[PDB]
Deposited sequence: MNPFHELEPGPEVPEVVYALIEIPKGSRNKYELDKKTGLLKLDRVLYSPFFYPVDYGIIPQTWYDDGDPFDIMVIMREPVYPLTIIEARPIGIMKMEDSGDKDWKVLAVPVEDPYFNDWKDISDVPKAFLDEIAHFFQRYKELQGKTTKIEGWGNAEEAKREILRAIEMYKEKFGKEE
């Protein structure tokens, strides 16, 4: 089974979710999942020499307004491998509806005091937004980053996404 379907959204939803990582921090290769099997698949090589600034993936058993799993960005000191599960605490949301959750690992004590969007250095939020603003520029795509929402908003959206998945897939 594709792990997107097999894994639960999290152990204490929405305060703690599972993040199924597709793309380790530092990658220029953009990975996704094969729909039928759930094997890792190369979506594309980014057209610019940019790298993912976060460990990037999806929350299992979620679906969202834009017709795809709900994306999640986990701040990790040492990247994980693709297809690794991280227990993640949502701390905010990037408003790109194609919004993406920002989260920290529960089990890295470095981040113990990161509980809301105000705990993240502004330069780091700017770097993440800039990456999503420009990484597909050479593919003729544009995106506006509207801004960042707080942890409460992120959690509300996670609950919506958990419900949408149950509705679409049963």
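Peer 1: Which ranges of the deposited chain go unmodelled, in order along the sequence?
Peer 2: Gaps in the modelled chain, taken against the deposited sequence, lie at 97-101, 176-178.
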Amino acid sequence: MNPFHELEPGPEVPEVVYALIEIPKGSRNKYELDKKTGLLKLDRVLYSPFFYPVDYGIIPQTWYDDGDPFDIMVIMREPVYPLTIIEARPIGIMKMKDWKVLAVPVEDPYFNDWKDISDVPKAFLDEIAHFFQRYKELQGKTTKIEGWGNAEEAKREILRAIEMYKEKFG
From here on, numbers count along this sequence of modelled residues.
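We call the rigid core whatever largest set of C-alpha positions still superposes within 1.5 Å between the two forms.
Peer 1: Superpose on the core, then say which of 110-118 and 59-67 ends up with the larger RMS Cα offset from this form in 5 other deposited structures of this protein.
Peer 2: This comes out as 59-67, the stretch further from the shown form in 5 other deposited structures of this protein.
Peer 1: Superpose by the rigid core: which stretch, 29-37 or 49-57, shows more Cα shift in 5 other deposited structures of this protein?
Peer 2: Between 29-37 and 49-57, the one lying farther away in 5 other deposited structures of this protein is 29-37.
Peer 1: Averaging C-alpha B-factors over each stretch, which comes out higher, 23-31 or 138-146?
Peer 2: According to the PDB entry, the answer is 138-146.
Peer 1: Looking only at CA atoms, which has the higher mean B factor in the entry: 58-66 or 45-53?
Peer 2: For C-alpha atoms only, the mean B-factor is higher in 58-66.
Peer 1: Quick check for you: using the entry's CA B-factors within this chain, is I75 in the lowest, middle or highest third?
Peer 2: It falls in the middle third of the chain.
Peer 1: Taking only the Cα B-factors deposited for this chain, tell me whether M96 sits in the lowest, middle or highest third.
Peer 2: It belongs to the highest third of the chain when residues are ordered by C-alpha B-factor.
Peer 1: Select lowest, middle or highest to describe the third in which the CA B-factor of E127 falls within its chain in this entry.
Peer 2: As the PDB entry reports it, the C-alpha B-factor of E127 lands in the lowest third of its chain.
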